[PDB]
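Okay, so here's the structure we're looking at.
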Amino acid sequence: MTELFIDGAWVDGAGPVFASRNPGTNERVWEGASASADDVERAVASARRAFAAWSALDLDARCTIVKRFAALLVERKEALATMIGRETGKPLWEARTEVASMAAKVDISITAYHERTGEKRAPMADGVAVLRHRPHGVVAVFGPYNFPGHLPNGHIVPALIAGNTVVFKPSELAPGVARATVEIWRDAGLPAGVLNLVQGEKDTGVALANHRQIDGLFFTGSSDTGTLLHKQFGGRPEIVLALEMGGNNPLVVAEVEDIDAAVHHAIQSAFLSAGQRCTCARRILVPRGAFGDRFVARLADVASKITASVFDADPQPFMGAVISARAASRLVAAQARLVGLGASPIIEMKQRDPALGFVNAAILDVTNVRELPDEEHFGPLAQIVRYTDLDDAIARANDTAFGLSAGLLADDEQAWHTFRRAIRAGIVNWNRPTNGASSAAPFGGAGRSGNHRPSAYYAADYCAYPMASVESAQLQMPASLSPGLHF
Amino acid sequence: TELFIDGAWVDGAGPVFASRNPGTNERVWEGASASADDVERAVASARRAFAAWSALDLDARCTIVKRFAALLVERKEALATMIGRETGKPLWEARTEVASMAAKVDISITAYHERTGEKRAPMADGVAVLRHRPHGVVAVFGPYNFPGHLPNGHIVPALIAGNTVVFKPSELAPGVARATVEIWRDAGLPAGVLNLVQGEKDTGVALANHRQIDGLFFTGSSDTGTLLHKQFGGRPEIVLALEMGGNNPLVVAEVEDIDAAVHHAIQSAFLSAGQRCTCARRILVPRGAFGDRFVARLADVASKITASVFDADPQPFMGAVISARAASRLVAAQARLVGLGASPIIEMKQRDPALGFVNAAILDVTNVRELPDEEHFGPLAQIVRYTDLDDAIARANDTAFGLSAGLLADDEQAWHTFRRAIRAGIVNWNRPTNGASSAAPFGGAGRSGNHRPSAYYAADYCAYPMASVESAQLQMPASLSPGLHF
Ligand SMILES: [Ca+2]
Ligand SMILES: [Ca+2]
Ligand SMILES: [Cl-]
Ligand SMILES: [Cl-]
C-alpha cells in the first residue's frame with residue numbers, strides 16, 4: 001500500500017522496500033517502499049509550504065487539534081498498543097501504558113507551552129514590553145524503537161503546539177507504529193503538509209538529516225548516532241538540534257530494611273522493557289559484605305524467575321523479546337566480550353533461538369574488569385559492581401562520559417543528600433527505579449547523553465524562540481534629546 | 001601583574017599588548033597576556049574553586065553579586081570613564097552601560113528562581129523534585145561594544161547558578177575588564193571563582209580548546225562565533241552559548257510625526273556609532289513623496305551629528321569607532337558598495353587615518369543588484385527603497401541573520417502583519433531597534449545565535465535541570481507487574 005504521508009495524502013515511496021518483523025515470532029508486521037531522496041525532498045517541501053498557514057493559526061486552533069489526537073489515541077488504544085507489541089516485542093500490558101503516556105503528553109505540553117514559551121505584557125517607560133514565542137519552521141523528528149509512539153510524540157506534540165511543521169522519520173524497526181500514529185493525527189484534523197511521514201532505513205535518514213531547508217532536528221537515539229549528527233551540523237548554529245541520547249546509568253544500593261523492595265526497584269530499573277529504556281540501569285553498585293551479598297542473592301533469585309514471552313502471551317510476561325534477533329545476538333556477544341575481560345556471570349544470558357529476539361534477564365559481575373568499557377545500554381544485561389563505601393560507590397557511579405539517569409536505594413536520608421549532590425545526571429531518584437519520572441518534569445541527560453536541550457516538560461524551549469518587543473502605539477519624540485542631536 | 005588567578009593579580013607569561021583610545025590614539029591599558037600555560041592555571045583555579053562555590057547557599061552567592069551591583073553604582077563614574085577612554089564611547093552613554101551592569105543582578109536573581117528554580121509536588125509513589133545544577137567551569141568571551149554589560153550578562157547568571165568562570169575579554173577592552181574584576185574582588189567573590197585571562201588570538205584559542213571547561217559563553221561576530229561552533233562539532237556535552245551580530249532592518253512606513261521616526265532611525269543606526277549588536281544596518285523606506293521627505297529629514301539631522309572624544313565638552317552623540325582599523329574598514333566597505341552601484345546620501349569619511357573617527361553616514365543601496373548580507377560594525381546606514389509593506393517585509397527578511405528589527409508606522413495593522421512575518425529575536429514597534437526590556441530574553445535567530453538566548457533566559461544555559469522522584473520510605477508496590485515472582 002501507499003506508505004509515505006506527504007502533503008495530506010498517502011503516497012507510494014520510490015526507495016527500496018523493507019520490512020519489520022515481530023521479534024517474538026519472526027512474522028512480518030509491516031512492509032513497504034521507503035522514501036528515496038526525492039521523496040524526502042517532497043516531504044520537506046510539503047512541510048515548508050504548510051508552515052505559513054499552520055503557524056498563522058490561533059494557538060487554540062492548534063491546541064484543539066492536538067487534543068482531538070489525544071482523545072483518538074485513548075479511543076484506539078488497544079489497537080495501537082497491539083501494533084507496538086507486535087512490531088517491537090513490548091508486552092501488551094506495557095504497550096498500553098506507552099499509549100496512555102502519548103495521550104497524557106498533550107495537556108502537559110499545553111501547560112508547558114504557557115509556562116515556558118507563552119505570551120506576556122508589562123508596562124515600561126516608553127511603551128509595553130511584549131514577549132511572544134515563535135516556531136522555527138520545519139523540524140525533522142527522528143524516532144527510536146524503544147518507545148516508538150511516546151518518544152517521537154514527545155517532540156511532535158510540543159513542536160506542533162508551537163506552530164512548527166514536521167517531517168517524521170521513524171526507526172526502521174518501528175514503521176508500523178509510526179503509520180498507525182500518523183493515521184490518528186490525520187483523523188484528528190491535522191492540515192495537509194503539517195506532518196509528513198518518511199519511512200525508511202539509513203539512506204532515508206541521511207537524506208533528511210542533510211536537507212538544507214529544515215530548521216531543526218529533534219533526535220532520540222544512540223549517542224554514537226547523535227554525536228555524528230552533532231558533528232555534521234558544526235558551523236551551522238542556525239539549525240536547532242535537540243539530541244536525546246542514551247546512557248550508562250548507575251543504580252547504587254546501600255543498607256535498607258526492606259531488601260525485597262530494593263530488589264524490586266533494581267529489577268524494574270535493569271529489565272523493564274527488557275532493559276531497552278534510555279533510563280534503564282546498566283550498572284548496579286552493591287556494597288561488599290553481608291548485606292550486599294544478600295541483595296545479590298535475592299536479586300538473582302527474582303531475576304531468574306523473569307518470564308520473557310510473545311507480546312500477547314497469557315499470562316502476560318514481564319518483558320518481551322528485545323527489538324530484534326540481531327540485537328539479541330549483539331547482547332550475547334557483549335557478554336562474551338566482558339567475560340573475555342574477566343567478568344563473571346551470575347545469571348548468564350542466552351539467546352533462546354537465533355531467529356528471534358528472546359534473551360533472558362541476565363546479571364554479569366564486572367567487578368574484576370580492570371578498565372570497564374563506558375558503553376551505552378541496549379538490553380537486559382545488568383552489570384554488578386561491588387564497592388566499599390558510599391564515597392567509592394559515588395566515584396564509580398560518576399565514572400562515565402554519560403549522564404542520563406541514576407538512583408540510590410537507601411533508608412539513610414543523609415546518604416541521599418551526599419549522593420544527589422555528587423552525582424552528575426539529569427534524572428536522579430531515591431528509593432525508586434531509575435526509570436521512574438514525572439511526566440511534567442524536564443528530561444535531559446548530562447554528558448554524552450544530551451546536548452543541553454532537555455525534553456519532556458522543557459521540550460517547549462527548543463520548539464520556539466522568544467521574540468521580545470517594545471511596542472509604542474503612539475510614535476513620539478522624547479521630551480529631552482541625547483547630546484548632539486539637532487532637530 | 002594583569003592576570004587574576006586564584007584570587008590574586010599575577011604576571012602573565014605571554015607577549016605584552018596594549019589598548020588605545022581610538023579618539024586620541026593614547027595608550028590606555030598595557031600588560032602581559034596569558035600564555036597557554038597561564039590559561040591552564042586559570043582553568044585549574046576555576047576548577048578548584050567550583051566545589052565550595054556550588055555548595056555555598058544560594059543566598060550567600062546572591063549577597064555577593066548584589067554587593068557587586070551596589071559597588072558598580074558607587075563607582076559608576078570611574079568605570080564609565082574607563083569604558084569611554086578605551087573604546088571611544090561617550091561618557092554619557094558609558095554611564096548607562098554601567099547602570100545596565102548593575103540592574104542585571106536583581107533581574108538575573110528573579111530569572112534564576114523562575115527558569116532554574118526548585119519545585120516540589122506530590123506523586124503517587126513519593127515526591128517529584130525539580131532542582132537545577134551548575135555546569136562547572138565556564139569560559140566567557142567578551143566583546144568590545146559593551147565591554148562591561150555583555151560579559152556581565154553571562155557572568156552574573158553563571159555565578160548565581162554556582163559555576164566558576166574564566167573570563168577572556170576582547171583584546172580591544174582589557175582595561176574595562178580589569179576594572180570590572182577589581183570590583184568583583186571588592187564584592188567578596190571567593191578566590192578562584194572568577195579568573196581573568198587577558199590576551200589576543202592565542203590566549204582566546206588556548207581557552208576555547210581547553211578540554212576541562214564545561215561551557216563556553218560567547219558574545220561577538222557571527223564569523224568568529226560560527227568558527228567556534230564548528231570547533232565544537234562532535235562535542236555535544238559542552239554548553240555553547242553564541243550571541244552574535246546581525247544585519248538588522250528598520251522598516252519605515254507612513255507616520256505623521258516624521259521627526260520622531262527620524263529620531264528613532266538615528267538612534268537605531270548611529271547610537272554607539274552603529275556598533276550595538278541591535279543597530280539598524282538597513283533602513284527600508286517607501287518610494288514616493290512621504291519616503292522622500294523622511295530621507296531628506298533623516299539626512300538633515302544626521303548631517304549635524306557630532307563625533308568626538310569620549311570626554312568632550314560639549315558631549316557628542318557618538319564617539320570614534322573602536323579602532324582606526326575598523327574606521328578604515330567601514331570606508332572600504334562603502335567604496336565596495338559604491339562599486340556595486342550604491343550612491344551616497346551622506347558620504348563617510350575617516351577624519352584622521354590614525355584615529356577611529358568616521359561620520360554618521362547614509363548610503364543608498366537600492367540600485368545594488370545583489371546586496372551583500374553582512375554583519376554590521378559601524379555608522380554606515382544603508383537605505384533601501386521599497387514598494388508596499390509586503391515588499392518591505394520580504395526585503396527585511398532577506399538575510400541569514402535575525403537579531404533585531406523594527407517598524408515605524410502609525411497603523412496597528414501594519415504592525416500586526418510585520419511582527420507576524422519578520423524573523424528576529426528583538427522586534428520593536430515605534431521605538432529604535434536597540435530598544436530592549438532588561439527583563440526579557442535576548443537572542444537572535446539564524447546566524448545571530450544558536451538558540452541559547454541570553455538576558456532573561458541566560459539562566460537556561462547556566463544550569464541544567466535535575467529531576468527526581470524521592471520516596472523517603474522504600475516500599476513494594478500495591479500489585480506487581482506481570483511476571484515478577486517474589
Ligand atoms: Ca562524566
Ligand atoms: Ca533568514
Ligand atoms: Cl543537588
Ligand atoms: Cl507574532
Side-chain angles (χ1 to χ4, degrees), chain A residues 48 51-52 54-59 117-119 121 130-138 162-163 212-215 223 236-240 245 247-250 283 372 374-376 394-406 422-426 428 445-450 464-469 471, chain B residues 47 133 135-137 211-214 222 235-238 244 246-249 282 371 373-375 393-405 407 412-429 444-449 464:
Chain A
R48 172 60 65 201
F51 171 69
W54 181 242
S55 55
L57 295 173
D58 285 2
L59 171 68
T117 56
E119 185 165 312
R121 306 188 172 244
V130 186
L131 177 60
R132 296 177 180 94
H133 293 77
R134 289 273 303 266
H136 303 287
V138 177
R212 292 300 133 132
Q213 285 286 110
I214 59 165
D215 301 295
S223 293
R236 291 190 278 158
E238 67 272 26
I239 310 305
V240 61
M245 297 176 283
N248 178 4
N249 309 308
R283 293 179 290 131
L372 188 74
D374 181 21
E375 282 182 0
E376 293 181 79
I394 291 168
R396 292 171 176 278
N398 273 337
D399 188 12
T400 174
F402 294 99
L404 182 53
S405 68
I423 200 72
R424 303 187 275 273
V428 179
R448 299 190 57 219
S449 298
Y465 63 92
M467 177 180 61
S469 300
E471 291 184 9
Chain B
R47 176 63 62 189
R133 292 270 295 263
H135 297 291
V137 176
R211 304 289 129 151
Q212 297 294 132
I213 58 163
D214 302 296
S222 293
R235 279 181 290 159
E237 66 275 24
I238 311 302
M244 303 176 279
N247 176 6
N248 310 309
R282 301 174 283 136
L371 190 64
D373 180 20
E374 290 175 3
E375 190 169 15
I393 288 163
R395 290 171 179 272
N397 270 337
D398 190 11
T399 174
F401 296 91
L403 187 55
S404 68
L407 175 69
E412 184 165 284
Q413 224 47 54
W415 172 238
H416 173 266
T417 302
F418 178 86
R419 90 182 145 71
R420 288 162 61 81
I422 196 78
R423 305 192 278 262
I426 300 289
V427 179
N428 299 328
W429 181 30
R447 298 196 49 233
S448 299
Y464 63 93

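Remember, it's 1-based here, ligands and their atoms both numbered in the order they're listed. Numbered from 1 within each chain, the chains take letters A, B, ... in sequence-line order. Side-chain atoms are counted along with the backbone in the values below, which use heavy atoms only and exclude waters and symmetry mates.
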message: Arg283(A) vs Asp399(A), test: salt bridge (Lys or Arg N to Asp or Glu O under 4.0 Å). Steps then yes/no.
response: CA-CA 11 Å; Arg283(A) 293 179 290 131; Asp399(A) 188 12; over 6 Å; no
query: So, the side chain of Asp373(B) versus the backbone of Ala400(B): is there a donor-acceptor pair under 3.5 Å, distance only?
result: yes
field: Under 3.0 Å from the Ca ion (ligand 2), the protein N, O or S atoms, given as residue and atom
entry: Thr399(B) O
message: Can you tell me which residue among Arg448(A), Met245(A), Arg424(A), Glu375(A) is in a side-chain contact (heavy atoms from CB on, under 4.5 Å) with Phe402(A)?
response: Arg448(A)
query: Between the main-chain N or O of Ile426(B) and the side-chain N or O of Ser404(B), is there a donor-acceptor pair closer than 3.5 Å?
result: no
message: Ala56(A): which residues meet the side chain to side chain contact (heavy atoms under 4.5 Å, CB included) condition with it, sequence neighbours left out?
response: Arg420(B)
message: In this structure, is the centre-to-centre distance between the rings of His135(B) and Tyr464(B) below 6.0 Å?
response: yes
